[PDB]
Amino acid sequence: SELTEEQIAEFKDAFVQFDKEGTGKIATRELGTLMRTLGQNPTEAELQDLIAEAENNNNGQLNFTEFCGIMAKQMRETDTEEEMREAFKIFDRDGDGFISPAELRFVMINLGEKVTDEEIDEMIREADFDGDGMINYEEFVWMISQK
Ligand SMILES: [Ca+2]
Ligand SMILES: [Ca+2]
Ligand SMILES: [Ca+2]
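Residues numbered from 1 in each chain as written, not as in the entry; some residues may be left out. Chains lettered and ligands numbered in written order. Heavy atoms only, no water.

Going by the header, the method for this PDB entry is solution NMR.

The chain goes by Calmodulin-related protein 97A in the PDB entry, where it is assigned to Drosophila melanogaster. Within the Protein Data Bank, this record goes by the title "Androcam at high calcium with three explicit Ca2+". UniProt's Function comment on the chain is quoted here verbatim: "May be involved in calcium-mediated signal transduction." Its UniProt record gives the chain a comment under Sequence similarities, which states: "Belongs to the calmodulin family." (UniProt positions renumbered as here; feature names shortened; annotations may be inferred.)

Below is the structure:
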């Protein structure tokens, strides 16, 4: 995910709003209702996809990480360069200023995106034009913009 401070507290607030059980979780059936409560607006099919999935993958309750996770993929609708730089620091395991195939999978797995060293390697080559096997704030911004 890559939500700012205000954004995080925004959906996080609307998240606790639908948690009377005190389980820090929100019913997947209330997901669509929560979206309406938020500036979001997922397509009918979309809601039916994530809800049905979480219905047999999370019993009947959803987690902050679950909701946020989606909100993240949804927020991607904005290719703002700002949110990219922030994601650059988070992704880049090191402070050198570059990302390597190793660091790529390491992060993708942290977020929740299951990927192999093969598929991710190609993704790097796509954003890597200088051909060096490393990513810079520029090559990163581009590949994540399409994410
Ligand atoms: Ca709950
Ligand atoms: Ca690094
Ligand atoms: Ca490069």
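So, about the coordination of the calcium ion (ligand 1). Within the protein, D19 (OD), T23 (OG1), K25 (O) and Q61 (OE1) serve as the donor atoms for the calcium ion (ligand 1), at 2.3 to 2.4 Å. All donors to the calcium ion (ligand 1) come from one chain, and their sequence spacing reads D-x3-T-x1-K-x35-Q. Taken together, the residues span a long stretch of sequence, with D19 in the loop between α1 (5-16) and β1 (25-27) and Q61 in strand β2 (residues 61-63) at a distance of 42 residues. (Donors = N, O, S within 2.8 Å, 3.2 Å for Na, K, Ca; no water. Helix = DSSP H or I, 4+ residues; strand = E, 2+ residues; numbered from the N terminus.)

Evaluation of the coordinates by the stated rule reveals 5 salt bridges. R105 is the partner of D117 in a salt bridge, and the nearest nitrogen-oxygen pair spans 3.1 Å. Of this pair, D117 sits in helix α7 (residues 117-127) while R105 sits in helix α6 (residues 101-111), and the two are 12 residues apart along the sequence. Given a relative accessible area of 40%, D117 falls into the partly exposed group. (Salt bridge = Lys/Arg side-chain N within 4 Å of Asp/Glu carboxyl O. Buried < 20%, exposed > 50% of the residue type's maximum accessible area, 1.4 Å probe, protein only.)

Time to look at the coordination of the calcium ion (ligand 3). Protein coordination at the calcium ion (ligand 3): the donors are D128 (OD), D130 (OD), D130 (OD), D132 (OD), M134 (O), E139 (OE) and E139 (OE), at 2.3 to 2.7 Å from the metal. In terms of primary sequence, the donors binding the calcium ion (ligand 3) are separated according to D-x1-D-x1-D-x1-M-x4-E. Using a relative accessible area of 4% as the deciding quantity, one classes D128 as buried. Using a relative accessible area of 46% as the deciding quantity, one classes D130 as partly exposed.

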